[PDB]
């Protein structure tokens, strides 16, 4: 019994999320993390980023008809992590081959022509360390770009270039 308080995660309730209808679970420990971007507007305050998480969920639930926002976690330029489907529920973010064997994290913004600010990158890397510490991720997890597994520009040229330098990145 080794309890970490590792999570500085904004919970669903705090960003005023609609209730999830999703039921399918991931088998922990998970081996893969897929990094994407939302390609929408960016935010840099907790107030605007909470609104942005709502908007992203609203799009996936109301328009696309999904059970919840597709990503397991979202990352703001405010420096905070927003709880999506979390560590235990299967996401809808990288297609049916990868969705069942991965955690999908998405940076809120468009990173074709912009880098995320250092605090966003810290939030993301720390989130992953927390995942390992809980047993949600494998200690030898592997990070993929969204474009490495699906046909897309995501996670953005600038952000893609960055994640390639990460220790756990695998092409």
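Positions refer to the first chain, counted from 1.
When the mean C-alpha temperature factors of 152-160 and 5-13 are read from the deposited coordinates, 5-13 comes out higher. The mean Cα B-factor in the deposited entry runs higher for 38-46 than for the other of 53-61 and 38-46. Note on the listed residues 108, 103, 115, 121: the highest Cα temperature factor in the record is that of 115. For the set 143, 130, 30, 69, the PDB entry assigns the largest Cα B-factor to 130.
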